[PDB]
Amino acid sequence: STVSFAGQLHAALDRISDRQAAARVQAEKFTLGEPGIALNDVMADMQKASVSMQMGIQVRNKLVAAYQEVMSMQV
Amino acid sequence: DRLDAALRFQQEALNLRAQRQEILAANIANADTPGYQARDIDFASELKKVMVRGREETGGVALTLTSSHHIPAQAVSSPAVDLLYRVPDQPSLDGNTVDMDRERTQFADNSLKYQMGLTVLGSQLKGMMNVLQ
Amino acid sequence: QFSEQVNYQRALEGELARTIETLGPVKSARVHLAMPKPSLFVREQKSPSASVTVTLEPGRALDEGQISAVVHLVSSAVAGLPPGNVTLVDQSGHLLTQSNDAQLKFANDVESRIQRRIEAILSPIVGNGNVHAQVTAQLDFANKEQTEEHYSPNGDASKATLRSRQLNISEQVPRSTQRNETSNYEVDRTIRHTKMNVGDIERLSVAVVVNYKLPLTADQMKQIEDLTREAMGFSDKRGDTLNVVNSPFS
Amino acid sequence: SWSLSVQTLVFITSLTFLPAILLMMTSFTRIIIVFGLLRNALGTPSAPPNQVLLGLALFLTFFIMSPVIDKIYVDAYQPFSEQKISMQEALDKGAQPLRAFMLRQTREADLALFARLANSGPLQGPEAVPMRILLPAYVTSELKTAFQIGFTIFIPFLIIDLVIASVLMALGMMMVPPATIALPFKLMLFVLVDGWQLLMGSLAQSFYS
Amino acid sequence: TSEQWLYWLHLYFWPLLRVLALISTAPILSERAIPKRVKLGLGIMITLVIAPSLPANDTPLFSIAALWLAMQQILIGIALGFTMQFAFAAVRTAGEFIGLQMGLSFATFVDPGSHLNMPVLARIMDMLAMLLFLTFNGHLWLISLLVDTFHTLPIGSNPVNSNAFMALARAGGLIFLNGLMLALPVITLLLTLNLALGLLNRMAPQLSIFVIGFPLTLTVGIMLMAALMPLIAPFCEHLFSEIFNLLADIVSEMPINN
Amino acid sequence: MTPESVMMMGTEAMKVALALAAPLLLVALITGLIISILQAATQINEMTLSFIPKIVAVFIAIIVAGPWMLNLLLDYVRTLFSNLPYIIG
Amino acid sequence: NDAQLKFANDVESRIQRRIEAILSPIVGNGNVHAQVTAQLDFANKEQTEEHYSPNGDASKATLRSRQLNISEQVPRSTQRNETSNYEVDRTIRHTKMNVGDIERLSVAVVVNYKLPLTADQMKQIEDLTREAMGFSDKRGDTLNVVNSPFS
Amino acid sequence: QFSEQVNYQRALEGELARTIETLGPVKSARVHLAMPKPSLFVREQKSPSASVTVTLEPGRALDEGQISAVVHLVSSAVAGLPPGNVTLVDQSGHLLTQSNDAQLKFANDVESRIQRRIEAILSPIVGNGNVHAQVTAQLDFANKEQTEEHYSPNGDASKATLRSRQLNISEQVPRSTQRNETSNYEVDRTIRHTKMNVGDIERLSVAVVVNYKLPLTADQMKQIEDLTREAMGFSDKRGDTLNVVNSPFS
Amino acid sequence: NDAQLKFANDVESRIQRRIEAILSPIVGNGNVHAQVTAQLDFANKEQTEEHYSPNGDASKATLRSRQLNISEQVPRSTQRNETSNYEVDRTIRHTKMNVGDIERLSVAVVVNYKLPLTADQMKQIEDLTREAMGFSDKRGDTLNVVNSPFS
Amino acid sequence: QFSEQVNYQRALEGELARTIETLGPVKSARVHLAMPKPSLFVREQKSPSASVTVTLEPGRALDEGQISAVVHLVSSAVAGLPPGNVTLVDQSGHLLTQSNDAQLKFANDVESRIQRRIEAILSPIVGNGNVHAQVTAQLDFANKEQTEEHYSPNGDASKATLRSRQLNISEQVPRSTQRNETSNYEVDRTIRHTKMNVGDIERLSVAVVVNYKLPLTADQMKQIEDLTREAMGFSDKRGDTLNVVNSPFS
Amino acid sequence: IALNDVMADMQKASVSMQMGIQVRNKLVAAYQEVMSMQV
């Protein structure tokens, strides 16, 4: 139907938030004493979540720079 | 364009470095499985092949794009690079031809050259942005 | 500049009058226009209009045919004016625009068509005034929309139509087996967009009375019954009803 | 929801979009345009734009939006703070007041144009117009209203130009530069009539009618 | 958000460029009073509404060989907004010449660095026509015609044909024609007054239009233009509609001529 | 705001200008006309003999008219700025 | 607001005039009188329906995509994943019902005598009036005929 | 500079009046144009229109061919004027333009056509006035859209088309085997976009009565039945129905 | 709108006159009367057919590129890597089916007597008029010719 | 500054009037062009039009040829006027233009040609009037398109064409053998682009009757039949049909 | 999608948008400098 790239940014933010929340709840469950979950799995998922979050931060920085530049053309 | 024809080489080289990187980490991860037969690729010949031909990655198919709620799924995809066998020294009774020292010095080299490629792209792109301001 | 357009008005309704008195049973024609604005934007809106008054033949009025003549004349005279707006008033009252009963006229017309047809088909068999019929027709005046999106079933690969198919078969012989099959299909389709017609017949109920010659014979009555079933266009799927009796008239 | 994850990234970018969009989407375009035109009349600028007219317009738009800001605060910030609302219904709870304010100010014909070019269908009511339609219509209507006000403000000062030029020509003062003579008369025209209070008051009154 | 978009963000740039050209050039849109950010944001925030349903795919080449595409859009904007300025120039002529009749401009006659008449009567009628424009559908028909240009001359290798800039060049043209056709009654009546008060010189060469004439002609002009102010309201209709037609014509002349 | 209203306000502007500048133009015309009628009958004249009479005339005109034209202009401008919110629609 | 009453009156007149026009030849010029009562639905109705077809049976489903995995080892360990994206037959309607549709008739007919009418002759009369009213049972329509000397 | 267009119209109106005058059955044609406006408010630009008042030759009436003639004159004379908007009115009313119920006029047209065909074909068999038929026709006035997107089945590789195919085949010899196969096809495709015609016949019901010469023979009756089947264009798949009877007339 | 019926008249009339003119020499000027009914298709039909050609038979396929690897060891392990890209024969029609075409005809022919006609003299009439009416047995075209005294 | 283009249009109106009048069976002809507008909102730019009122010479009527002649005169006099829309009307209705049915005349023309040919051939054999024929022609009027891109199969290396070939061969000697090969071809390609003509004969049905001299002989008939097959352009692949009979005429 | 691919795409698009904006700035400045002269 339509892409509505504000919807794409919303989807990216939702992905980042969901990944961090999943890592957080896995650390929750593991330190709570729940059997199953392993330590290396916890740390690996936390690492991946950190990388995705820095992904979002870099996209933020460059979008803000782009907008601050498109607001400089004289009309 | 003519922006992605001058930056094309370093982009392709850096992507190929990343691909060789997970090849080497697959070598490392299968250090002690029996009968692994460590793999590697020739970077110069493959880079020339990429520049002349393109990407042309072989093997991969995603599902279709109908109305939402149709559970996207994808097949197992692999780059078109032809994996080459690494000639082994020291036979080891279980077929595993992964020599820690060879794989690891290659890993460090590949890491360093990937960082070099990042530096080169960063320099070229900073140059472009310095022209335009 | 406020007079030029008002001068245009009080010129053109007057000239519409001097058209209208050239209609025969028109003695005086006084007409008025209304163009409020084409601007009201939420889902609703509002429309322009025009109103007419007429003086008729001394002792004669206008039937609905004359009403339609003057209505369409006026509507297509001044732009931005559907015929639904125009008001028509005798030189003494008598609204000639109801502005939802045109459907009554339409139903009466359909009944008349079919009824006259029955009488015409049965007059030779029985005579001019030996037969009478009257019809009641149920009419669909609901707006019908439809969008049917039929497809074809490709459950069978003999008639399935593939665009892509990835297939991996891998097995050892302790027989470990594995099979994967990803398929993207191309599907036949039909899109019937439809707008069913307003004012269609949905049920007929036809009653017939026929005179005596002395009563009629069983063949003589069954065949008249068959002919009226035929001539009413009797279709059973509508639940149409047909009744015929023979009895001496007055 | 989000978990001090992307939040405080969306918040900071919201602060980035604050100055341009949120002062060019609410008010402060009409007032600032009227002030600019008023300075076009009265001869020379002689009012320090970067400070005084901008500051006065900003204070006046704050006073105008105190009800809208109050309703957005009461229905978003108090609930968005820690309980039952967090950046999901916060948006529409804070948008409804702003939408109502913007709709009350739009010229009724701009919405027509932008709905007819966005290929959107008929709109049943006042609410049916969305943001994607509401914004360009609001800015176009704000420009229209601002210029109607501004040119009505010019007309008397050009009357002053007319009378002074004609009197100087009548006396035969061949080529005395009537602008220099007119400027002080424009100034008392604008101060005897109690100009600044009447202008600010008329703008504030017009801005909710 | 990648170039999987960020080259589909090449869908916004050309329509934005054309809308921005029109805004920077249009009569009401390009008034120095508007803060520059409003005009820019209006361009961006119109193209965002128009950009979907605009199938555009091009390339901002390094050392742009497709700058001749950018040219195109700019040119079309210059076509639409600037032409609509003719309608104002007309009145900005007419009223000006009216002053040139009464007394207001004998400084501009025999010689200087000060004109002083532009402030007097041309800016009366020009902003009166400003309001007459706005009050419709003034602000909008230009934007609708820009969208129509998007649909008739979207993006192409043959952007502009020759023989088509003469249309706008010898178009005004109707600047002088319409300025006259508006100011004709006033000019003719003040010609009658000037020649009458000149004929007074035949009875006595002492009557010295410098002493008698100018106060009379100033009152006659002011009173008469007060009486003939409403005549502008129908004229502006003409003054805009025809020029729109010209734009419309050229906008619809270009596709079947490409 | 309809074209009828913009023409109304434009003509209102022209008529306030007429009211404000009428006494001055009038007295200039009367004084010049009197000095030209007297200009003949001993037709002596250099170029004007009339400017200084016009100055004293408009001086008296500004003094005698004075407050009422200023009040008329002030009424006009205050009424315009006060009806500014309502002329929008 | 009142126009509904005039409209229903005209409808009643139409039906009853039809009844009289049918039954006058049978029994005489004025020996029959009928009064028709009509209830009309003047309530605006709107509707939108979008039936779908049931594709539970695979032999009549329509598949846009299908990923199927089959595994087994022989301690028999199997696995079978199938992701299947379907395409659905669909039908959609948008009714806007007519305002002022007839909903129920209650019609009583009186007939004069010749002596009372014979049972068969009267049953023909009632069947004729049932026919002429367009009697539909599902509408709850109601009919009632009597015979008695007039005044 | 506004009276020029009004004068243009009040001149062209008399122009068209006079043109209609030089036509025979016209003694006064007072006419009305409507070129509405360039709507900047709603994006469809409803088309112009025109109405005509014509005074015929006294006692001379226009067959509909003349009506079409004048409709086309008015439509093609005025720029961008669709003939659908042209309205005609007589000297006594009676719209020559039918522009909801023309469906029934059309139905009577079709029925009369079939009826005349039956009578014409069967008269030589039995004589001029010994036969009658009546036709009740069902017409489909719903607007029909359709889009079929046939794909051909490429289930059989012997008739499929490939753009690409990657094929991995392996086997070790305790045998360990593997097979991978990716395929991208290209599909035969037919795209109909059928806009079905409105006003099309869907069901005919024909009733035929013949007088006697004394009744007709079985073969003479059956062959007439076949003949009327042929002349009605009897398409049984349409559900057409036909009934013929013989009996004495009055 | 109704011009469709006029066009149907014109077509059927031309056919009618053709049968009349072709059979008049056989039997006489007024000895035969014929009526023809025409079934027209006033629907707007356009089509986009895209026949490809099958390149499954590799002897008739056309390859743009081919990656073929063959490997085996000799306990035998063989592998065959084969990747091919094709170019394909293709036809793309665009038929815009004509509006107002004939899809079925019904021809009824009546012939006078000289005494009724003999069998061969009538089968020749049957086949001749069949020929003259453009008989396409695919179209379901129907013919019905009978002999009888006239009036 | 508006009446000058109007004056041009109305002067050229009188121009065409005087021309089209000096044509024999014309006593008057009032014409009216229609240049719609250089509109304000769309791209479709509705086409211009024309209308003609011609008053014939009393007792004289128009063939189709003069109709086409005057239509072409009007269309060719007006710059940028399509000939199709030029409406043409007599002094009493009769829209002698066709402003969808030209198919019928064109088909009649092809049939007339073929029928004249068959008569011309058979005339020297049987005489002037001892033969008759009528031809029924099926014509294809659908707009036809096609675009074929035939390829030459390069499956055979003896006739394939290589732009590049990578060929790696390895083998050990326990023997391990390896052979990899990359091929890129340049492919022969044939591209037809056809727009089939509209108005082509797709099926002829030819019926021929011949007089008696007494019956004609077997050869004397088969040769006539072969001549008919010859002159009708009988090709079986078109499904053409032929039938000839002999019998007395009347 | 590859991460390095995503950042290279980021930067390429950013540079392209910067270049387009700078070119438009030069053209707009030239237009205004042409329109601000005396005639």
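Labels A, B, C, D, E, F, G, H, I, J and K are assigned to the chains in the order they are written; within every chain, residues are numbered from 1.
The rule we apply is simple: contacts are C-beta pairs under 8 Å (C-beta built on N, C-alpha and C of every residue); 3 or more make two chains touch, one makes a residue touch a chain.
Protein identities per chain, from UniProt: A = Flagellar hook-basal body complex protein FliE; B = Flagellar basal body rod protein FlgB; D = Flagellar biosynthetic protein FliP; E = Flagellar biosynthetic protein FliR; F = Flagellar biosynthetic protein FliQ.
Between chain B and chain D, the least number of touch steps comes to 2. The copies chain H and chain J differ by a rotation of 25 degrees on their C-alpha atoms, rounded to the nearest 5. When the interfaces C-G and D-E are ranked by C-beta pairs in contact, the top one is C-G.
Separating the CA-averaged centres of chain E and chain G is a span of 66 Å. Averaging C-alpha coordinates per chain places the centre of chain E 33 Å away from that of chain F. Each chain gets one centre point, the mean of its Cα atoms, and the points for chain A and chain C are 60 Å apart. Averaged C-alpha coordinates put the centre of chain A at 38 Å from the centre of chain D. Residue positions 5, 10, 12, 14, 16-19, 24, 28 of chain K are each in touch with at least two other chains. For chain H, the set of residues that touch two or more other chains comprises 1-2, 39-43, 166, 180, 182, 187, 189. For chain B, residues that reach two or more other chains under the stated contact definition are 1, 3, 58, 61, 63-64, 73. Remark: chain E residues 1, 5, 8-9, 20, 23-24, 36-37, 39-41, 43-44, 52 touch chain A in the complex. Residues 39-45 of chain C are the ones that touch chain D when the two sit in their complex. Chain contact summary for the complex, chain H toward chain I: residues 102, 106, 109-110, 113-114, 117, 120-121, 123-128, 157-173, 186-197, 199-200, 220, 223, 226-227, 229-235. On chain E, the positions that touch chain K within their shared complex are 2-4, 6-7, 9-10, 13, 17, 20, 24, 60, 62, 64, 67, 70, 74. Residue ranges on chain E touching chain B, taken from their complex, read 59-63.
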